[PDB]
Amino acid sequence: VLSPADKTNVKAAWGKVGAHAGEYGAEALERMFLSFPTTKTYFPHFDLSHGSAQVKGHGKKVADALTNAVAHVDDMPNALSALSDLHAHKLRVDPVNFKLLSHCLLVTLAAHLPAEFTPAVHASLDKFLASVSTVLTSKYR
């Protein structure tokens, strides 16, 4: 349930994302930490300040992982295995949180890709992100 129409749209948006990916990724986190403090809880060792090179640094990682998923869009479960493990077993993130992070990514994607950010597209990304998350928590259910 990532129809082609869907994959395409995803592709394009992320397409238009390019290099900004890192900063965008960073953007969503800060947005997330700021809008949902409770999530800071997983980043104790972190500098969760307005310009953390850590936060900068993580944003890239996340994005990089997002790009990669985009790329193996029909093999996520596989392209994401390692991450799924880290997230379920080692970090044990309350599944609830994935909903938050993804809402933050969208919001960011919208404020940066107005022209692309359309209904059809908004719907597609959401589904995408939904999947990525699903996969990231498959280690629970």
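In case it trips you up, residue 1 is the first one in the sequence shown, and so on. What we label the rigid core is the largest C-alpha set whose atoms superpose within 1.5 Å from one form to the other.
Stretch comparison, 61-69 versus 84-92: after rigid core superposition, larger RMS CA deviation in 6 other deposited structures of this protein is found for 84-92. Stretches 112-120 and 65-73 differ in mean CA B factor, with 65-73 having the higher one. As the entry records it, the average C-alpha temperature factor is higher for 52-60, out of 25-33 and 52-60. Per the deposited record, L80 carries the highest C-alpha B-factor of all listed residues (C104, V96, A88, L80). Residue-level temperature factors show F43 in the middle third of its chain, judged at the C-alpha atom.
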